[PDB]
Amino acid sequence: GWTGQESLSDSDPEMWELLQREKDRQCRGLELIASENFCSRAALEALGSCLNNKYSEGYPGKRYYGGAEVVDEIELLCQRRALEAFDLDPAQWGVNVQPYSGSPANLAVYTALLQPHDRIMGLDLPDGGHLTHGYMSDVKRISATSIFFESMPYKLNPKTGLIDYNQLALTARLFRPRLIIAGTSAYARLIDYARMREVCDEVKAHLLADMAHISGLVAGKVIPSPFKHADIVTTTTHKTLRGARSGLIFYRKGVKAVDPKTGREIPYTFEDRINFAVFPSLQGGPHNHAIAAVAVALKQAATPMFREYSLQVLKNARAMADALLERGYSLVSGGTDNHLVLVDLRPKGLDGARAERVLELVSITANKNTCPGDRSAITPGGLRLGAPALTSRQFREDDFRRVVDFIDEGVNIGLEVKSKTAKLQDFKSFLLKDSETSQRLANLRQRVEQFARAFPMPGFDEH
Amino acid sequence: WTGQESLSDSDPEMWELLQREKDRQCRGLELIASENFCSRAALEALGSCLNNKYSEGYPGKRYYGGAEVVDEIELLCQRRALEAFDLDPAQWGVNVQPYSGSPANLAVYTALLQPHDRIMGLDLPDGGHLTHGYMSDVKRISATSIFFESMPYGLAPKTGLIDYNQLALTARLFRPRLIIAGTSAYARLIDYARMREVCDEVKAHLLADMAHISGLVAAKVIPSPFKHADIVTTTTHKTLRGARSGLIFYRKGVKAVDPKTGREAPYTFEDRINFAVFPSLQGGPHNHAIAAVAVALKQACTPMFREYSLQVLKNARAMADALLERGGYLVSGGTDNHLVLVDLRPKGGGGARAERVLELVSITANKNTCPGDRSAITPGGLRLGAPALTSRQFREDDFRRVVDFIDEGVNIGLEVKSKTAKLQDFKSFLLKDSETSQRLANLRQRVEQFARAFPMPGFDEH
Ligand SMILES: CC1(C)[C@@H](OC(=O)CCC(=O)O)CC[C@@]2(C)[C@@H]1CC[C@]1(C)[C@@H]2C(=O)C=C2[C@@H]3C[C@@](C)(C(=O)O)CC[C@]3(C)CC[C@]21C
Ligand SMILES: CC1(C)[C@@H](OC(=O)CCC(=O)O)CC[C@@]2(C)[C@@H]1CC[C@]1(C)[C@@H]2C(=O)C=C2[C@@H]3C[C@@](C)(C(=O)O)CC[C@]3(C)CC[C@]21C
């Protein structure tokens with residue numbers, strides 16, 4: 001008779017088989033999705049805890065709901081570990097740990113700082129921006145950021161460091177936006193630019209750094225911090241931070257600067273505004289399980305171990321980069337200085353959508369990527385590859401050297417099938433039905449999986 | 001570093017806190033209609049490798065590879081949801097991605113309205129929850145009141161019951177595009193068939209946020225909004241006893257035709273609601289939450305859980321009866337659902353004194369505005385629910401001692417309230433006075449050991 005202390009294995013075999021298939025697919029796969037990581041077991045033990053059951057609407061100091069005695073201390077702990085993880089000064093920075101995920105963390109900042117229809121700029125979606133930074137199609141508002149607010153994108157300058165900081169400054173003086181976002185998905189270069197904070201300081205905009213993709217790197221000081229230049233920072237606690245899926249908003253606090261007469265030094269106004277956008281306005285009850293798992297990860301990230309990881313992540317990225325040039329690929333202007341690598345595949349003779357589907361069938365998971373020349377729409381000429389997921393499975397430069405030989409056999413199987421096919425589902429069908437290709441893919445799949453299965457995997461053994 | 005080390009080993013500080021929260025839960029009595037203790041099965045999924053998987057999109061329409069397995073978990077959760085409530089796949093869909101309750105609501109508004117379009121959500125004191133629409137007399141509070149234009153409630157004051165009259169009058173005036181049949185603190189059924197007239201009148205949309213009653217409806221004990229409503233939202237916690245997540249149910253397929261028009265006239269909810277959740281508001285789904293949600297929906301699609309929902313109402317009824325024979329007055333006269341809103345006005349006790357006393361006694365219920373009320377920091381009534389304790393196998397008898405335990409709370413309160421000045425001066429006197437602090441510790445021990453023996457869902461030690 002139902003106790004609810006039963007195991008998932010006993011009460012829901014259907015779900016336990018599926019957890020187990022997912023676990024096998026991760027262990028046997030080569031995961032190159034720049035935004036994927038494998039979460040620590042420690043973190044998942046918190047994530048899947050009794051903190052699920054506690055409603056704690058409000059914030060630590062006094063948050064009136066009730067018993068929150070212990071969760072208050074978890075939230076403060078998470079706060080302290082957050083500010084420790086990236087460089088201290090609690091005198092000069094605050095943090096909100098309650099955002100449900102990344103998109104909520106951004107919509108919170110917009111909501112706290114701007115009025116509906118206020119003007120926002122971010123790197124356009126195709127040029128490697130996030131959806132939540134704003135995106136309108138020809139005839140549709142697509143991001144909620146573009147619906148509740150007025151978004152104009154700053155494009156990428158095809159071949160250079162790409163982020164046209166020029167065209168930005170030109171258009172940000174014509175558009176008079178009250179917040180500009182500095183953050184990217186598909187970009188191999190450094191930003192979180194002190195020059196964003198000039199373009200901003202100029203036209204009286206707020207600088208928001210969305211560092212979700214590089215947060216681990218920043219956490220580790222293996223790349224330079226947006227927290228010197230930017231006044232608001234948002235991140236996810238997964239990706240390069242390697243925690244559970246949650247979000248963070250960091251904001252400046254205390255006295256901003258001093259000005260005419262004896263002074264009366266002007267105070268920052270973010271803290272209370274961002275905390276009101278998060279709890280009363282947008283979110284109900286925080287997910288205390290996520291907050292705890294986030295706390296576990298942030299401590300992991302404030303350690304010798306995590307600095308070694310993030311250095312290995314850059315060297316692994318460079319390795320995979322150097323390796324692809326060696327066989328003459330083309331990387332979106334140059335190479336990389338971060339966690340990922342954008343391959344241009346038009347000069348090697350294949351698009352992204354074919355390359356992605358071929359690698360998919362050999363247990364290599366990357367994403368197709370629009371290259372500056374946005375024909376776009378599921379047939380872009382690039383491929384986005386990242387090192388963090390595998391670097392967490394103890395891969396080194398030789399391991400990525402070999403990952404790239406497997407991608408090579410993939411690209412090469414593609415070209416071949418691209419020479420007997422009618423572009424669309426006549427390609428995708430041909431990979432299923434053709435006895436010669438179906439076999440050549442199985443053989444490559446089996447080599448990847450044997451290669452993949454041998455490396456350790458964070459998490460539990462079986463789920 | 002492997003990332004396979006146990007949390008005990010790698011973070012004792014966090015492991016101690018998980019463990020103190022575990023102590024705290026199994027210890028006390030939880031009567032908050034919005035709270036419940038999650039199954040081990042469900043938590044096993046919540047804390048799985050599904051946390052590791054990005055699957056932006058919907059099953060079949062993904063933007064990444066390597067979703068073969070997550071597709072099936074999402075569809076399973078879909079199916080378990082339509083089955084859980086009973087619901088014909090021809091005539092209903094579900095979206096299982098919402099991160100929580102507030103997102104599920106904002107997603108419906110975003111899919112169905114333009115910014116500044118008009119929303120009638122039962123006001124905060126008359127039922128409530130922020131996400132229905134709430135401005136103070138100085139400022140917009142809920143983001144629903146910022147991005148959309150919200151006009152409050154319609155209840156016959158004192159008479160807890162829903163003014164189906166002045167609503168219909170004002171829904172003919174204010175001309176709102178969507179009305180929210182749903183409640184935080186309301187012990188009665190919402191006439192959904194009469195909402196569907198008020199709404200079919202105004203050419204409005206009917207939304208039910210059935211967060212606290214979600215279990216009951218699947219369980220077929222209460223009448224489902226899913227006969228009258230077009231859109232239904234819920235959290236997967238509370239009454240459903242699952243992980244913190246959110247669901248959005250919506251009608252699909254044909255809506256009948258006029259004689260000559262032929263027969264073409266299909267629902268347009270699905271694509272719009274799904275597009276408001278993925279490109280529009282949310283990034284990647286929390287596949288771990290979806291999995292955990294799926295566990296709970298089955299745990300619940302079953303014989304076992306129809307006798308949870310049957311015991312929940314009768315547990316509620318029992319509590320209701322045993323406060324009419326003592327505790328105070330019954331805002332509504334009684335209950336017909338998972339909770340009772342007792343008035344402490346005719347008992348001469350605020351809602352905020354009575355809440356904070358039971359807190360120090362490890363019983364957590366809710367402060368609740370009642371129609372005879374002042375709007376200051378404290379004043380109102382008391383909101384009780386059967387889902388939490390009903391989960392630790394409590395029956396009607398459990399719910400006579402729990403009520404006698406609350407009586408000792410009410411009664412040490414009244415005593416405190418006759419030797420103290422304001423609330424500030426009241427809640428001081430509970431902490432300071434050696435005579436009262438010991439009288440309270442002795443009641444805390446009686447409720448503690450009444451529950452602490454009882455079984456609780458979860459991992460024993462987190
Ligand atoms: C008077 C005001 C309008 C005002 O008062 C200020 O805060 C002034 C501060 C300032 O000057 O900035 C602004 C917000 C607020 C303080 C109150 C309204 C009532 C609460 C208290 C407001 C709040 O924030 C949070 C909630 C929550 C909603 C609830 C019941 C749920 O929805 O479940 C969960 C519990 C909780 C906390 C109680 C009820 C309200 C709606
Ligand atoms: C408008 C939509 C939502 C929609 O397309 C349309 O509706 C167009 C209108 C029409 O069809 O007419 C669906 C397909 C899509 C083309 C675009 C924009 C969103 C991207 C581009 C979609 C896509 O395929 C792949 C991703 C990826 C996710 C991301 C950011 C990551 O997760 O890191 C990695 C980079 C990348 C490429 C950026 C953003 C999206 C989600």
# chains A, B, ... in the order shown; residues from 1 in each chain; ligands from 1
$ residues_near_ligand --ligand "ligand 1" --cutoff "10 Å" --atoms "only C-alpha atoms and all ligand atoms" --output "PDB file with C-alpha atoms, in the first residue's frame"
ATOM      1  CA  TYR A  55       7.445  26.783  -0.842  1.00  0.00           C
ATOM      2  CA  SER A  56       9.680  29.821   0.046  1.00  0.00           C
ATOM      3  CA  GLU A  57       8.074  32.879  -1.797  1.00  0.00           C
ATOM      4  CA  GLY A  58      10.259  35.958  -0.899  1.00  0.00           C
ATOM      5  CA  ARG A  63      10.435  36.313   3.084  1.00  0.00           C
ATOM      6  CA  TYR A  64       7.132  35.705   4.901  1.00  0.00           C
ATOM      7  CA  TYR A  65       5.616  32.315   3.971  1.00  0.00           C
ATOM      8  CA  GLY A  66       6.515  30.221   7.090  1.00  0.00           C
ATOM      9  CA  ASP A 272      15.610  46.130  -5.133  1.00  0.00           C
ATOM     10  CA  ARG A 273      14.321  46.527  -8.719  1.00  0.00           C
ATOM     11  CA  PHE A 276      11.007  42.708  -7.276  1.00  0.00           C
ATOM     12  CA  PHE A 279       9.733  37.342  -7.023  1.00  0.00           C
ATOM     13  CA  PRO A 280       6.512  39.420  -7.003  1.00  0.00           C
ATOM     14  CA  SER A 281       6.331  40.317 -10.693  1.00  0.00           C
ATOM     15  CA  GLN A 283       8.222  34.202 -10.644  1.00  0.00           C
ATOM     16  CA  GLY A 284       6.167  32.488  -7.940  1.00  0.00           C
ATOM     17  CA  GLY A 285       7.860  30.039  -5.577  1.00  0.00           C
TER      18      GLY A 285
ATOM     19  CA  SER B  34       0.016  24.634  -1.746  1.00  0.00           C
ATOM     20  CA  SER B 102       3.673  31.681 -13.234  1.00  0.00           C
ATOM     21  CA  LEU B 124      -5.894  38.827  -4.827  1.00  0.00           C
ATOM     22  CA  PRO B 125      -7.949  39.067  -1.585  1.00  0.00           C
ATOM     23  CA  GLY B 127      -9.086  34.222  -4.003  1.00  0.00           C
ATOM     24  CA  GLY B 128      -5.892  35.528  -5.604  1.00  0.00           C
ATOM     25  CA  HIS B 129      -2.353  34.555  -6.721  1.00  0.00           C
ATOM     26  CA  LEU B 130      -0.212  37.397  -8.190  1.00  0.00           C
ATOM     27  CA  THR B 131      -0.202  35.869 -11.767  1.00  0.00           C
ATOM     28  CA  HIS B 132      -3.961  36.505 -12.201  1.00  0.00           C
ATOM     29  CA  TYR B 134      -2.452  42.568  -9.297  1.00  0.00           C
ATOM     30  CA  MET B 135      -1.699  46.326  -9.070  1.00  0.00           C
ATOM     31  CA  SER B 136      -1.604  48.187  -5.723  1.00  0.00           C
ATOM     32  CA  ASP B 137      -3.324  51.614  -5.708  1.00  0.00           C
ATOM     33  CA  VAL B 138       0.235  53.030  -6.354  1.00  0.00           C
ATOM     34  CA  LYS B 139       1.919  50.476  -8.737  1.00  0.00           C
ATOM     35  CA  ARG B 140       1.692  47.444 -11.101  1.00  0.00           C
ATOM     36  CA  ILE B 141       2.935  44.389  -9.052  1.00  0.00           C
ATOM     37  CA  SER B 142       2.396  41.235 -11.212  1.00  0.00           C
ATOM     38  CA  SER B 184      -5.582  30.500  -4.394  1.00  0.00           C
ATOM     39  CA  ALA B 185      -7.976  30.630  -1.313  1.00  0.00           C
ATOM     40  CA  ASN B 366      -1.964  30.261   5.457  1.00  0.00           C
ATOM     41  CA  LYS B 367      -3.083  33.858   6.320  1.00  0.00           C
ATOM     42  CA  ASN B 368      -6.052  34.587   3.993  1.00  0.00           C
ATOM     43  CA  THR B 369      -8.092  37.823   3.422  1.00  0.00           C
ATOM     44  CA  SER B 375      -6.206  45.571   4.509  1.00  0.00           C
ATOM     45  CA  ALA B 376      -3.229  46.254   6.934  1.00  0.00           C
ATOM     46  CA  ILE B 377       0.023  44.119   7.218  1.00  0.00           C
ATOM     47  CA  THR B 378      -1.809  41.295   9.181  1.00  0.00           C
TER      48      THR B 378
END
$ closest_atom_pairs --of "chain B" --to "ligand 2" --cutoff "12 Å" --atoms "only C-alpha atoms and all ligand atoms" --output "Markdown table"
| residue | atom | partner | partner_atom_place_in_ligand_line | distance |
| --- | --- | --- | --- | --- |
| B:53 | CA | ligand 2 | 32 (O) | 11.0 |
| B:54 | CA | ligand 2 | 32 (O) | 7.3 |
| B:55 | CA | ligand 2 | 32 (O) | 8.3 |
| B:56 | CA | ligand 2 | 41 (C) | 6.6 |
| B:57 | CA | ligand 2 | 41 (C) | 7.7 |
| B:58 | CA | ligand 2 | 13 (C) | 10.6 |
| B:61 | CA | ligand 2 | 13 (C) | 8.8 |
| B:62 | CA | ligand 2 | 24 (O) | 7.9 |
| B:63 | CA | ligand 2 | 24 (O) | 4.8 |
| B:64 | CA | ligand 2 | 25 (C) | 7.5 |
| B:65 | CA | ligand 2 | 25 (C) | 11.1 |
| B:271 | CA | ligand 2 | 7 (O) | 11.4 |
| B:272 | CA | ligand 2 | 7 (O) | 11.9 |
| B:274 | CA | ligand 2 | 3 (C) | 11.3 |
| B:275 | CA | ligand 2 | 3 (C) | 8.4 |
| B:276 | CA | ligand 2 | 3 (C) | 10.5 |
| B:277 | CA | ligand 2 | 3 (C) | 10.8 |
| B:278 | CA | ligand 2 | 3 (C) | 7.6 |
| B:279 | CA | ligand 2 | 3 (C) | 4.7 |
| B:280 | CA | ligand 2 | 3 (C) | 7.9 |
| B:281 | CA | ligand 2 | 3 (C) | 10.9 |
| B:282 | CA | ligand 2 | 41 (C) | 10.5 |
| B:283 | CA | ligand 2 | 32 (O) | 7.4 |
| B:284 | CA | ligand 2 | 32 (O) | 7.1 |
| B:285 | CA | ligand 2 | 32 (O) | 10.8 |
$ write_last_selection --atoms "N, CA and C atoms" --output "compact mmCIF listing (two decimals), in the first residue's frame"
# COMPACT_ATOMS: atom_id res chain seq x y z
N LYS B 53 20.54 17.34 -20.74
CA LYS B 53 20.12 17.30 -22.18
C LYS B 53 19.39 18.59 -22.58
N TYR B 54 19.95 19.32 -23.56
CA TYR B 54 19.29 20.44 -24.28
C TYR B 54 18.42 19.85 -25.38
N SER B 55 17.13 20.18 -25.34
CA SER B 55 16.14 19.75 -26.35
C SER B 55 15.15 20.89 -26.56
N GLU B 56 15.65 22.07 -26.90
CA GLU B 56 14.84 23.14 -27.52
C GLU B 56 13.96 22.59 -28.65
N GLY B 57 12.69 22.93 -28.59
CA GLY B 57 11.71 22.53 -29.60
C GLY B 57 10.65 21.66 -28.98
N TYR B 58 9.99 20.86 -29.82
CA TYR B 58 8.97 19.85 -29.44
C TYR B 58 9.30 18.51 -30.09
N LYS B 61 9.79 18.13 -33.74
CA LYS B 61 10.30 19.47 -34.18
C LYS B 61 11.37 19.98 -33.21
N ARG B 62 12.55 19.35 -33.25
CA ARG B 62 13.74 19.70 -32.43
C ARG B 62 14.70 20.51 -33.30
N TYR B 63 15.70 21.15 -32.69
CA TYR B 63 16.66 22.01 -33.41
C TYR B 63 18.07 21.47 -33.17
N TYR B 64 18.13 20.37 -32.43
CA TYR B 64 19.36 19.63 -32.09
C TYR B 64 19.14 18.17 -32.51
N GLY B 65 20.22 17.43 -32.58
CA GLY B 65 20.17 15.97 -32.66
C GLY B 65 20.12 15.37 -31.27
N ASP B 271 -0.76 25.62 -31.86
CA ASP B 271 0.42 26.27 -32.47
C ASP B 271 0.80 27.54 -31.70
N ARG B 272 -0.19 28.31 -31.28
CA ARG B 272 0.07 29.60 -30.61
C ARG B 272 0.60 29.38 -29.21
N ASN B 274 2.08 26.66 -28.10
CA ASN B 274 3.38 25.97 -28.18
C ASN B 274 4.46 26.97 -28.58
N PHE B 275 4.11 27.94 -29.42
CA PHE B 275 5.07 28.96 -29.90
C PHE B 275 5.34 29.98 -28.82
N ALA B 276 4.41 30.16 -27.89
CA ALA B 276 4.63 31.14 -26.81
C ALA B 276 5.57 30.52 -25.78
N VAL B 277 5.56 29.21 -25.69
CA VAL B 277 6.44 28.52 -24.72
C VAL B 277 7.84 28.40 -25.30
N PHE B 278 8.02 27.91 -26.53
CA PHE B 278 9.44 27.74 -26.92
C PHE B 278 10.25 28.85 -27.56
N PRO B 279 9.91 29.44 -28.72
CA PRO B 279 10.77 30.48 -29.22
C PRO B 279 10.54 31.70 -28.34
N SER B 280 9.28 31.95 -28.06
CA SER B 280 8.83 33.19 -27.39
C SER B 280 9.34 33.37 -25.96
N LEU B 281 9.02 32.55 -24.96
CA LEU B 281 9.39 32.84 -23.52
C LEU B 281 10.55 31.98 -23.01
N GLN B 282 10.53 30.67 -23.25
CA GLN B 282 11.43 29.70 -22.56
C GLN B 282 12.57 29.33 -23.52
N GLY B 283 13.72 29.04 -22.95
CA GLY B 283 14.81 28.38 -23.67
C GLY B 283 14.59 26.89 -23.63
N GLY B 284 15.63 26.13 -23.28
CA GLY B 284 15.56 24.67 -23.28
C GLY B 284 14.65 24.19 -22.15
N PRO B 285 13.88 23.13 -22.36
CA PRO B 285 13.12 22.53 -21.28
C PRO B 285 14.03 21.86 -20.23
$ residues_around --residues "range 82-91 of chain A" --least-positions-apart "5" --cutoff "8 Å" --atoms "only C-alpha atoms" --output "PyMOL selection string"
chain A and resi 218-220+253-254+295+298-299+301-302
$ closest_atom_pairs --of "chain A" --to "chain B" --cutoff "6 Å" --atoms "only C-alpha atoms" --output "Markdown table"
| residue | atom | partner | partner_atom | distance |
| --- | --- | --- | --- | --- |
| A:4 | CA | B:457 | CA | 4.5 |
| A:5 | CA | B:457 | CA | 5.2 |
| A:7 | CA | B:41 | CA | 5.2 |
| A:8 | CA | B:41 | CA | 3.9 |
| A:22 | CA | B:69 | CA | 5.8 |
| A:38 | CA | B:52 | CA | 5.4 |
| A:40 | CA | B:3 | CA | 4.4 |
| A:41 | CA | B:4 | CA | 5.1 |
| A:42 | CA | B:7 | CA | 4.0 |
| A:44 | CA | B:47 | CA | 4.6 |
| A:47 | CA | B:47 | CA | 5.2 |
| A:48 | CA | B:47 | CA | 4.0 |
| A:49 | CA | B:462 | CA | 5.3 |
| A:50 | CA | B:462 | CA | 5.5 |
| A:53 | CA | B:37 | CA | 5.3 |
| A:70 | CA | B:21 | CA | 5.9 |
| A:103 | CA | B:282 | CA | 5.7 |
| A:142 | CA | B:280 | CA | 5.6 |
| A:143 | CA | B:280 | CA | 4.2 |
| A:144 | CA | B:280 | CA | 4.7 |
| A:281 | CA | B:142 | CA | 4.1 |
| A:282 | CA | B:143 | CA | 5.5 |
| A:283 | CA | B:102 | CA | 5.8 |
| A:284 | CA | B:102 | CA | 5.9 |
| A:360 | CA | B:65 | CA | 5.7 |
| A:365 | CA | B:65 | CA | 5.9 |
| A:367 | CA | B:64 | CA | 5.9 |
| A:458 | CA | B:3 | CA | 4.3 |
| A:459 | CA | B:4 | CA | 5.4 |
| A:463 | CA | B:48 | CA | 5.5 |
$ residues_around --residues "residue 363 in chain A" --least-positions-apart "5" --cutoff "10 Å" --atoms "only C-alpha atoms" --output "PyMOL selection string"
(chain A and resi 25-26+28-31+358+441-442+444-449+452) or (chain B and resi 65-66)
$ residues_around --residues "residue 369 in chain A" --least-positions-apart "3" --cutoff "7 Å" --atoms "only C-alpha atoms" --output "JSON, numbers by chain"
{"A": [352, 380, 381, 382, 383, 384]}
$ write_last_selection --atoms "N, CA, C and O atoms" --output "compact mmCIF listing (two decimals), in the first residue's frame"
# COMPACT_ATOMS: atom_id res chain seq x y z
N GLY A 352 25.40 22.64 -43.12
CA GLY A 352 25.34 22.25 -41.70
C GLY A 352 24.30 21.18 -41.47
O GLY A 352 24.56 20.26 -40.69
N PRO A 380 22.05 26.23 -43.22
CA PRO A 380 23.23 27.07 -43.07
C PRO A 380 24.59 26.39 -43.27
O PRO A 380 24.70 25.21 -43.12
N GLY A 381 25.62 27.16 -43.63
CA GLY A 381 26.87 26.59 -44.15
C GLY A 381 27.92 26.31 -43.08
O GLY A 381 29.09 26.03 -43.48
N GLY A 382 27.55 26.39 -41.79
CA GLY A 382 28.50 26.18 -40.68
C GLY A 382 28.11 25.04 -39.74
O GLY A 382 27.02 24.44 -39.88
N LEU A 383 28.99 24.77 -38.78
CA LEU A 383 28.80 23.73 -37.73
C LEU A 383 29.44 24.24 -36.45
O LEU A 383 30.59 24.67 -36.51
N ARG A 384 28.71 24.19 -35.35
CA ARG A 384 29.20 24.72 -34.07
C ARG A 384 29.64 23.52 -33.20
O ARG A 384 28.76 22.67 -32.90
$ residues_around --residues "residue 357 in chain A" --least-positions-apart "2" --cutoff "12 Å" --atoms "only C-alpha atoms" --output "PyMOL selection string"
(chain A and resi 350-355+359-368+378-379+383+407+410-411+413-414+417+424-425+427-432+441) or (chain B and resi 63-66)
$ write_last_selection --atoms "N, CA and C atoms" --output "CSV table (one decimal), in the first residue's frame"
chain,number,residue,atom,x,y,z
A,350,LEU,N,30.1,21.1,-48.1
A,350,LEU,CA,28.8,20.6,-47.4
A,350,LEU,C,28.1,21.7,-46.5
A,351,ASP,N,26.8,21.7,-46.4
A,351,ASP,CA,26.1,22.6,-45.5
A,351,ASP,C,26.2,22.0,-44.0
A,352,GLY,N,25.4,22.6,-43.1
A,352,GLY,CA,25.3,22.2,-41.7
A,352,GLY,C,24.3,21.2,-41.5
A,353,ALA,N,23.1,21.3,-42.1
A,353,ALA,CA,22.0,20.4,-41.9
A,353,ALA,C,22.3,19.0,-42.3
A,354,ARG,N,23.1,18.8,-43.3
A,354,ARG,CA,23.5,17.4,-43.8
A,354,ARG,C,24.6,16.9,-42.8
A,355,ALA,N,25.6,17.7,-42.5
A,355,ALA,CA,26.7,17.4,-41.6
A,355,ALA,C,26.2,17.0,-40.2
A,359,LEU,N,26.4,13.2,-38.5
A,359,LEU,CA,27.1,13.1,-37.2
A,359,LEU,C,26.1,12.5,-36.2
A,360,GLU,N,24.9,13.0,-36.3
A,360,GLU,CA,23.8,12.5,-35.4
A,360,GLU,C,23.8,10.9,-35.5
A,361,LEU,N,23.9,10.4,-36.7
A,361,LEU,CA,23.7,8.9,-36.9
A,361,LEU,C,25.0,8.2,-36.6
A,362,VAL,N,26.1,8.9,-36.2
A,362,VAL,CA,27.3,8.2,-35.8
A,362,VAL,C,27.6,8.6,-34.3
A,363,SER,N,26.6,9.0,-33.6
A,363,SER,CA,26.6,9.4,-32.1
A,363,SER,C,27.5,10.6,-31.9
A,364,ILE,N,27.7,11.4,-32.9
A,364,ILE,CA,28.3,12.8,-32.7
A,364,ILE,C,27.2,13.8,-32.8
A,365,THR,N,27.0,14.6,-31.7
A,365,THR,CA,26.0,15.6,-31.7
A,365,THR,C,26.6,17.0,-31.6
A,366,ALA,N,26.6,17.7,-32.7
A,366,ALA,CA,26.8,19.2,-32.9
A,366,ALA,C,25.5,19.9,-33.4
A,367,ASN,N,25.5,21.2,-33.6
A,367,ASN,CA,24.4,22.0,-34.2
A,367,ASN,C,24.9,22.7,-35.4
A,368,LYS,N,24.0,22.7,-36.4
A,368,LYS,CA,24.2,23.5,-37.7
A,368,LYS,C,24.3,25.0,-37.2
A,378,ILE,N,17.5,26.2,-41.7
A,378,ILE,CA,17.8,24.8,-41.8
A,378,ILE,C,18.5,24.4,-43.1
A,379,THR,N,19.7,25.0,-43.2
A,379,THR,CA,20.6,24.7,-44.4
A,379,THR,C,21.7,25.7,-44.4
A,383,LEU,N,29.0,24.8,-38.8
A,383,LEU,CA,28.8,23.7,-37.7
A,383,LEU,C,29.4,24.2,-36.5
A,407,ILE,N,34.9,13.2,-37.1
A,407,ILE,CA,34.0,14.2,-37.8
A,407,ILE,C,34.4,14.2,-39.3
A,410,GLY,N,32.7,11.6,-41.1
A,410,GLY,CA,31.3,12.1,-41.2
A,410,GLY,C,31.2,13.1,-42.4
A,411,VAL,N,31.9,14.2,-42.3
A,411,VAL,CA,31.9,15.2,-43.4
A,411,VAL,C,32.1,14.5,-44.8
A,413,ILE,N,31.5,11.2,-45.6
A,413,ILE,CA,30.3,10.3,-45.9
A,413,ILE,C,29.3,11.3,-46.5
A,414,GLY,N,29.2,12.5,-46.0
A,414,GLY,CA,28.2,13.5,-46.4
A,414,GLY,C,28.4,13.8,-47.9
A,417,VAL,N,27.2,11.3,-50.2
A,417,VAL,CA,25.8,11.2,-50.3
A,417,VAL,C,25.2,12.4,-51.0
A,424,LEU,N,17.0,17.5,-49.9
A,424,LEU,CA,16.1,17.6,-48.7
A,424,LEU,C,15.9,16.1,-48.2
A,425,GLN,N,14.7,15.7,-48.0
A,425,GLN,CA,14.4,14.4,-47.4
A,425,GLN,C,14.8,13.2,-48.3
A,427,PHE,N,17.9,13.3,-49.3
A,427,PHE,CA,19.2,13.1,-48.6
A,427,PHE,C,19.0,12.2,-47.4
A,428,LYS,N,18.2,12.7,-46.4
A,428,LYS,CA,17.9,12.1,-45.1
A,428,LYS,C,17.4,10.7,-45.3
A,429,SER,N,16.5,10.5,-46.3
A,429,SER,CA,16.0,9.1,-46.6
A,429,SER,C,17.1,8.2,-47.1
A,430,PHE,N,18.0,8.7,-47.9
A,430,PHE,CA,19.1,7.9,-48.6
A,430,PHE,C,20.0,7.4,-47.5
A,431,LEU,N,20.2,8.0,-46.4
A,431,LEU,CA,21.0,7.6,-45.2
A,431,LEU,C,20.4,6.4,-44.5
A,432,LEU,N,19.1,6.3,-44.6
A,432,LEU,CA,18.3,5.1,-43.9
A,432,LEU,C,18.3,3.9,-44.8
A,441,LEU,N,27.9,4.0,-42.1
A,441,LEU,CA,27.5,4.8,-40.9
A,441,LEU,C,27.5,3.9,-39.6
B,63,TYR,N,15.7,21.1,-32.7
B,63,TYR,CA,16.7,22.0,-33.4
B,63,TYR,C,18.1,21.5,-33.2
B,64,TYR,N,18.1,20.4,-32.4
B,64,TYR,CA,19.4,19.6,-32.1
B,64,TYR,C,19.1,18.2,-32.5
B,65,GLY,N,20.2,17.4,-32.6
B,65,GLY,CA,20.2,16.0,-32.7
B,65,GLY,C,20.1,15.4,-31.3
B,66,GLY,N,20.1,14.0,-31.2
B,66,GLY,CA,20.4,13.3,-30.0
B,66,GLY,C,19.3,13.4,-29.0
$ atom_distance --atom1 "CA of residue 72 in chain A" --atom2 "CA of residue 12 in chain B"
17.7 Å
$ select_by_dssp --residues "range 6-219 of chain A" --states "alpha helix (DSSP H)" --output "count of residues only"
84
$ closest_residue --among "A:345, A:385, A:191, A:415" --to "residue 34 in chain A" --atoms "only C-alpha atoms"
A:385
$ residues_around --residues "range 333-339 of chain B" --least-positions-apart "5" --cutoff "7 Å" --atoms "only C-alpha atoms" --output "VMD selection string"
chain B and resid 33 187 to 189 213 312 to 313 316 to 317 320 383 to 387
$ closest_residue --among "B:255, B:84, B:205, B:352" --to "residue 424 in chain B" --atoms "only C-alpha atoms"
B:352
